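**Q** One structure coming up, written as structure tokens, with questions to follow.
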Ligand SMILES: NC(=O)NCCC(=O)O
Ligand SMILES: [Zn+2]
Ligand SMILES: [Zn+2]
Ligand SMILES: [Zn+2]
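Set out below in structure tokens:
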């Protein structure tokens, strides 16, 4: 508790990095493996080397900035996130975890603290998945989720592959991607949701990450005149789609407290006010921390959709387009985060990460958990994404002590 | 006198020729009001009318008046006409049949060298469908004094373009004042857009009434947030609200069977991202009934259900009724003239209430007016498979021809 971070220095680094790719709306547009992403990586690498770090890059472009330990070859305690952003990205998504880890190294240097295990800060390539799909591809390769050839062959809209662009910006590293043991892993991140702010809690002790299932549904009925078409004989595709929306809501509430169910996207055809809609495309978003429950939500959706379609007379195309496994983070790492919050007197609570992060894939090959701070209005993936300096400072203090606790564990 | 008849083949071919302008792959027409395709159809009709000896004027709402001179130069005209614009999923007969049928009336009179006491006019009414700019029948509404010219010209499409702007763009911003000119009589020929005449094996529908309508625009405002990290108890989903109003609207219609009509045809979800709870949804409501009191009961149920749905979720509501006209009883003498024409030709006929709104519904307020119906295949309209046989098309034009001659040969 005598060891604390320099909040102003960390805050200034975030304000500085937000200028690289700054958008007119006040956000950051630093797409993965662009010249702007190269600029942000190079600046972070420069700051890390100035703090005495040795830097390596792996074959997926992941950056490892290492602070030596007493046992130089012991498994590292690592932190990290992503430095790339969405086209409408905020100033704290991803970059906070990277710069928060940089501040951890600097604070340890300032207090002359030597750790048993070495400490690393990591930048993961293309977490956002916007310029290249899928998201989190590089931490996926590291964790064995994807093959290396798959990761390097992902193309953007212009046909450029990740491997080509890594070579172009000088981040085609020589270190093999994955297979290197890690003692512990932590990812510091803004919540991207409203829980911590609404409850006036400073730290979210992330215990789990949600599993996901994404769907695309099209109902096909018959477009017809809104007036003289008799009501019983109508095949209204929006009437069906509206009832699935309500069903999706019911399915989410039936699996509280952590179940999530949303219909976010809908397209009505022909979308003329005096035409019965003949076709409606829409999406379904399911999330739950338990995989077995999540599959029950899938079964209930498929069963309810077929029922709604049969009662009206609609044709149905239903496809699951995405699946993401639920993650239970490592208890020892979770306890280190909880104790760090406690030592500082930061009001905290256990929280499930509603979105996916590189920590979710990393958790499959290394003991991992996450640290959450609140964000203003729960806003993320928007240029107006915001957090207070006190929130920013508090999460870095928890990350500092969570890492120091596990990095000072004697080498068994 | 039945020896005066229309040229069924010539009228049919004019319909097939117009169907090329905006032809869709399924065999319908996509010729939205005040588009370049709508302009093309207008120019072709004007050219055919001029070839038939008509003088053509265009008024301030873009209405086209094709005039056949009479013996009495100052007499009030007997007018017929419909609309040349279509739905996005429009058929080949909705609206255009009434225009081309009137053109065939002028040609048939020329073929038999018939001179009438009153002048005869065939009219194209602007943006009758009310799809691209809302509401329906706005141009005939301004003509009848129901709406002001400023209201008619300020109606906007989804891109903010007004009727007045688009009239100027396609060269149909006329100089003649809209309305204020006396009419001796008015008749509109149209397909039923319903199944009654086909089901009863009747050739002519003697339109005695048209049901009243009420159109609404509703915007629900909730809270846009990420579908993942936002827990279900903290949501204000605007699409959940709109979905329940769609079902409520369907319920209100079934509660007033057999003639109640209720539809949600248009919806716009914001931001419409699959992993974002919708924060705002705009949508429309279409209510119809032949009894004004029942139509008002449907209105009360809608406003009550909307407020209840909105309060249960936490949504803000903007609800505007943007269109309302009471049920119309057409002029008895004009109805009887239609009935008598069908009798003279031996066309099996029946009295019928119009399920859709037509420009004749507004014209009936300033001039003696009624309509002639022919059946359509499977009763379907506002679908590209909308169909009518050449026999139906020919028979309705013969009724229009003799109904119009009934009033046009009346001496001043
Ligand atoms: N042409 C036509 O279908 N009528 C438009 C007005 C209405 O929807 O009743
Ligand atoms: Zn992130
Ligand atoms: Zn029509
Ligand atoms: Zn229509």
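Residue numbers (the entry's author numbering), protein chains in the order written: chain B, 15 to 426; chain A, 14 to 425. C-beta: ideal position from N, C-alpha, C; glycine also.
Measure the C-alpha to C-alpha separation of residue 234(B) and residue 254(B) and round it to an integer number of angstroms.
**A** On the first chain, residue 234(B) is found 220 positions in, with the first residue counted as 1. On the first chain, residue 254(B) is found 240 positions in, with the first residue counted as 1. If I take the Cα positions, the gap works out to 9 Å.
**Q** Does residue 44(A) come within less than 8 Å of chain B when only Cβ atoms are used?
**A** On the second chain, position 31 is the one that residue 44(A) refers to. With 8 Å as the cut-off, residue 44(A) does not count as an interface residue toward chain B.
**Q** When we look at the beta-carbon of residue 359(A) and count the other beta-carbons within 10 Å, is it buried (16 or more) or exposed?
**A** On the second chain, position 346 is the one that residue 359(A) refers to. Exposed is the call here.
**Q** Taking 7 Å as the cut-off, does the CB of residue 142(A) come closer than this to any heavy atom belonging to ligand 6?
**A** Among the ligands modelled here, namely ligand 1, ligand 2, ligand 3 and ligand 4, ligand 6 does not occur.
**Q** Which residues in chain A have a C-beta closer than 7 Å to the C-beta of residue 286(B)? List them in chain order.
**A** Translated into the one-based positions of the first chain, residue 286(B) becomes position 272. Under the 7 Å cutoff, chain A gives 100, 101, 144, 278 and 279.
**Q** Per the contact definition of three or more C-beta pairs closer than 8 Å, is the stretch 193-201 of chain A in contact with the stretch 277-293 of chain A?
**A** Touching, no, given that fewer than three Cβ pairs across the two stretches are closer than 8 Å.
**Q** Expressed to the nearest angstrom, what Euclidean distance is found between the alpha-carbon atoms of residue 194(B) and residue 301(B)?
**A** Within the first chain, residue 194(B) is the residue found at index 180, counting from 1. Within the first chain, residue 301(B) is the residue found at index 287, counting from 1. When rounded, the distance between both Cα atoms is 31 Å.
**Q** Beta carbons nearer than 9 Å to chain B: which residues of the stretch 239-260 of chain A have them?
**A** Result list: 239, 240, 241, 242, 243, 244, 245, 246, 247, 248, 250, 252, 253, 255, 256, 257, 258, 259 and 260.
**Q** How big is the Cα-Cα spacing for residue 171(B) and residue 145(B)?
**A** Your numbering for residue 171(B) matches position 157 in the first chain. Your numbering for residue 145(B) matches position 131 in the first chain. So the alpha carbons of these two residues sit roughly 8 Å apart.
**Q** According to DSSP, is residue 22(B) helix, strand or coil?
**A** For the purposes of this step, residue 22(B) is identified with residue 8 of the first chain, where counting begins at 1. DSSP places residue 22(B) in helix when its eight states are reduced to three.
**Q** Using the rule of at least 16 other Cβ atoms within 10 Å of the residue's Cβ for burial, across every protein chain shown, is residue 264(A) buried or exposed?
**A** Translated into the one-based positions of the second chain, residue 264(A) becomes position 251. Residue 264(A) should be labelled exposed.
**Q** With DSSP as the reference, label residue 367(A) as helix, strand or coil.
**A** Taking the first residue of the second chain as position 1, residue 367(A) is located at position 354. Reduced to three states, the DSSP call for residue 367(A) is strand.
**Q** For residue 81(B), write down the residues that DSSP places opposite it in a beta bridge.
**A** Numbered from its first residue, the first chain carries residue 81(B) at position 67. Beta-bridge pairing links residue 81(B) to 133(B).
**Q** Comparing the C-beta of residue 421(B) with each C-beta of chain A, is any distance below 8 Å?
**A** Reading the first chain from its first residue, position 407 is the one you call residue 421(B). It does not; no Cβ of chain A falls within 8 Å.
**Q** The alpha helix (DSSP H) with residue 483(A) in it runs from where to where?
**A** Residue 483(A) lies beyond the residue range present for chain A, which begins at 14 and ends at 425; the question has no answer from this structure.
**Q** Please state the DSSP three-state secondary structure of residue 422(B).
**A** Here residue 422(B) corresponds to residue number 408 of the first chain, with the count starting at 1. In the structure shown, residue 422(B) sits in coil (DSSP, three-state: anything other than H, G, I, E or B).
**Q** Any heavy atom of ligand 4 inside 7 Å of the beta-carbon of residue 203(A)?
**A** Residue mapping note: residue 203(A) aligns to position 190 of the second chain, counting from 1. Because no heavy atom of ligand 4 lies under 7 Å away, the Cβ of residue 203(A) does not count as near it: no.
**Q** DSSP has residue 280(B) in a bridge; who is on the other side?
**A** If you number the first chain from 1, residue 280(B) lands on position 266. DSSP, once it has assigned bridges, lists 296(B) as partnering residue 280(B).
**Q** From the DSSP secondary-structure annotation, give me the bridge partner or partners of residue 337(A).
**A** Indexing the second chain from 1 puts residue 337(A) at position 324. Beta-bridge pairing links residue 337(A) to 227(A).
**Q** Between the alpha carbons of residue 375(A) and residue 161(A), how many angstroms are there, rounded?
**A** Within the second chain, the letter at position 362 stands for residue 375(A). Within the second chain, the letter at position 148 stands for residue 161(A). Their Cα atoms are separated by approximately 14 Å.
**Q** What separation, rounded to the nearest whole angstrom, lies between the Cα atoms of residue 395(B) and residue 238(A)?
**A** Start at 1 with the first residue of the first chain, and residue 395(B) comes out as number 381. Start at 1 with the first residue of the second chain, and residue 238(A) comes out as number 225. Near 10 Å, if we compare the C-alpha coordinates of residue 238(A) and residue 395(B).
**Q** For residue 121(A) versus residue 17(A), is the C-beta distance shorter than 8 Å?
**A** The count along the second chain starts at 1 and reaches residue 121(A) at position 108. The count along the second chain starts at 1 and reaches residue 17(A) at position 4. Contact: yes.
**Q** From this set, 322(A), 415(A) and 310(A), which residue's C-alpha is nearest residue 356(A)'s C-alpha?
**A** Walking along the second chain from the start, residue 356(A) turns up at place 343. Checking every option, the nearest Cα to that of residue 356(A) belongs to 415(A).
**Q** Going by DSSP, what residues sit across from residue 330(B) in a beta bridge?
**A** Counting from one through the first chain, the residue named residue 330(B) turns up at place 316. Per DSSP, 233(B).
**Q** Just mark residue 164(A) as buried or exposed, buried being the case when its beta carbon has 16 or more other beta carbons within 10 Å.
**A** Taking the second chain and counting its residues from 1, the one referred to as residue 164(A) is at position 151. By the neighbour-count rule (16 or more Cβ atoms within 10 Å), residue 164(A) is not buried but exposed.
**Q** Determine which residues share a DSSP beta bridge with residue 274(B) and list them.
**A** The residue labelled residue 274(B) in the question sits at position 260 within the first chain. Note: residue 274(B) sits in a beta bridge opposite 301(B).
**Q** Hey, is residue 395(B) close to ligand 3, as in C-beta under 7 Å from one of its heavy atoms?
**A** By 1-based counting over the first chain, the position of residue 395(B) is 381. Not so, every heavy atom of ligand 3 lies at least 7 Å from the Cβ.
**Q** Just list the residues that DSSP pairs residue 95(A) with in beta bridges.
**A** Locating residue 95(A) in the second chain gives position 82, where the first residue counts as 1. According to DSSP, residue 95(A) bridges with 137(A).
**Q** Looking at chain B, which residues of the stretch 384-404 of chain A have a Cβ within less than 8 Å of any of its Cβ atoms?
**A** Within the stretch 384-404 of chain A, the residues whose Cβ lies closer than 8 Å to some Cβ of chain B are 392, 393, 394, 395 and 396, listed in chain order.
**Q** So residue 353(B) is in the alpha helix (DSSP H); what residue range does that whole segment cover?
**A** To locate residue 353(B), count along the first chain from 1; it is residue 339. From DSSP, the alpha helix (DSSP H) with residue 353(B) extends over 345-358.
**Q** Name the residue from 406(A), 367(A) and 347(A) whose alpha carbon lies nearest to the alpha carbon of residue 382(A).
**A** Looking up residue 382(A) in the second chain gives position 369. The candidate whose alpha carbon is nearest that of residue 382(A) is 347(A).
**Q** For residue 70(B), count neighbouring C-beta atoms within 10 Å of its own C-beta (all shown protein chains included) and say buried if the count is 16 or more, exposed if not.
**A** By one-based count along the first chain, residue 70(B) stands at place 56. It counts as exposed.
**Q** Write down every uninterrupted run of the alpha helix (DSSP H) in the stretch 134-178 of chain B whose length is 4 residues or greater and which is fully enclosed by it, in chain order.
**A** Counting only runs of 4 or more, we get 151-156 and 162-166.
**Q** Take residue 77(B) as the anchor and find which of 102(B), 100(B), 313(B) and 67(B) has the nearest alpha-carbon.
**A** Position 63 of the first chain, counted from the first residue, corresponds to residue 77(B). Selected option, being the one with the closest Cα: 67(B).
**Q** Pull the bridge partners of residue 201(B) from the DSSP assignment, please.
**A** As a position in the first chain, residue 201(B) is number 187, starting the count at 1. Beta-bridge pairing links residue 201(B) to 384(B).
**Q** Okay, do the stretch 239-252 of chain A and the stretch 334-342 of chain A touch, 3+ Cβ pairs below 8 Å being the bar?
**A** The stretch 239-252 of chain A vs the stretch 334-342 of chain A: no contact.
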